[PDB]
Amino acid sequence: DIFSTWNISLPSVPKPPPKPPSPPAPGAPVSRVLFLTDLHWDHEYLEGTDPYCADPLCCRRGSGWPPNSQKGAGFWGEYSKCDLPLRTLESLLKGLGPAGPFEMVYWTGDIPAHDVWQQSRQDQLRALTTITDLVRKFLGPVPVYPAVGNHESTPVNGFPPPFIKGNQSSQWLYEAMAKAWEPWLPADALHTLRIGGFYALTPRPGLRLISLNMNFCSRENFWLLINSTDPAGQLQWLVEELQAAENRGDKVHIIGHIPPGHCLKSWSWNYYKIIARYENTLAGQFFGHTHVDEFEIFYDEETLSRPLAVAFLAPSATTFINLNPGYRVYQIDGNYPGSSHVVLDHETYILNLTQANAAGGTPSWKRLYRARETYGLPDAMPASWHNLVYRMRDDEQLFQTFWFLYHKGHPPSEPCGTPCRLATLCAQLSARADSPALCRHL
């Protein structure tokens, strides 16, 4: 009973009848949006060190060395509890050309490495500014719209709400974020950013981007043990933004770090009803944090029967843990008046480390897969990802395809049996935390 239950009131405006978007006309323009998340840069990464140490994070000087030099940390990363060297990140931005030009970029937190015990505020800012300047160097004019992750501050997950004031607050972090991201965000967005770490703006006509600070929903944010009731009034603020976009007829993309399924109950539950209320206004939801390729389907609140939205959970750039580095690109309905702004398809690129770390190897980022093609989907709409889940329940060969891509082409040695399957398939339907009914049909 540590966390209380609370409610958020929706405006008196009646909900318009549900009208799921219609597919775009033949040959309509399509925009490409890059999605980066969980870069996790370890400035202490050292090739050849022991990648299987006893500490939380290995592949460092303090991690020691292995007796067999063959078993030492690789040049571009390692398949272990290790984060990325600056090389692989800078190499990621270098090879973006083949991933087509981008209209926008979404960047969703987890920038520092997992060296929690020895991390200072100065170290965190050094990561923020270093990798921000690098991303802006390679993308140039293309704007990047970032979001706050759970590793940005110190201690990890410590994001006090606004009512906690003074030096103990996270104003040292939001202030630096406003300075670092000023080239990318307008003034009104920076104003909100400096306060609660979230903001809203219009990247293009008819679209409204909302970047949420999901640390106010995290079970790990120890600060929320004081008061977990809509910290920073973010959910209430979200309702006002969504309702205002409904009035203007705009569409909304929401971005964040922790997907709403991994949130505290009340936050996740209140979030669930806001989605359902503004299903016509929402055009996309993009999160990260999980480091793995996934998605979460939303249903109508009362009966949990009609799927009405999907949140795409892109995979990490980092290897943590035993993963190939990869990134994501979304194909979205283009920039024209009659656009729905929805996700039409998406692609995933990786860097096969076994080939990049091999003697004489070279890092070449390649497309791992394209969703619709490999899952045989007529589109990327909620109903279509709903069918895919219950399809993977019936046959095994298709789930193994999903399970393989899950791990960015590098799944573990132990196979995923029938108890692992239901757990995985059930998570794809659990966009609302602590809701066992959502998996009744599994």
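Each residue number is its position in the shown sequence, starting from 1.
ask   = Does residue 438 have no coordinates in at least a third of the other PDB entries examined?
value = Counting only entries that model residues on both sides, residue 438 is resolved in every one of them.
- Query: Would residue 8 be found without coordinates in at least a third of the other compared entries?
  - Reply: Across the compared entries, residue 8 is modelled every time.
Mean CA B-factor: is it higher for 375-383 or for 389-397? Looking at the record's C-alpha B-factors, the answer is 389-397.
Discussion item. Using only C-alpha atoms and the B-factors in the entry, which stretch averages higher, 410-418 or 31-39?
Written reply: The deposited B-factors put 410-418 ahead on the C-alpha mean.
- Query: Quick one: which of 87, 248, 328, 165 has the biggest Cα B-factor according to the entry?
  - Reply: The listed residue with the largest C-alpha B-factor is 165.
- Query: When you compare the CA B-factors of 91, 322, 130, 170 as listed in the entry, which one comes out on top?
  - Reply: Top of the list by C-alpha B-factor: 170.
Exercise. Check where residue 65 lands among this chain's C-alpha B-factors and tell me if it's the lowest, middle or highest third.
Key: For residue 65, the deposited C-alpha B-factor lands in the highest third.
Sort the modelled residues of this chain by their C-alpha B factor and say whether residue 160 lands in the lowest, middle or highest third.
For residue 160, whose C-alpha B-factor we compare with every modelled residue in the chain, the answer is the middle third.
Review point. With respect to C-alpha B-factor, does residue 200 fall in the lowest, middle or highest third of the chain as deposited?
Key: Lowest third.
Please place residue 230 in the lowest, middle or highest third of its chain by C-alpha B factor as given in the entry.
Middle third of the chain for residue 230's C-alpha B-factor.
Please place residue 124 in the lowest, middle or highest third of its chain by C-alpha B factor as given in the entry. It falls in the middle third of the chain.
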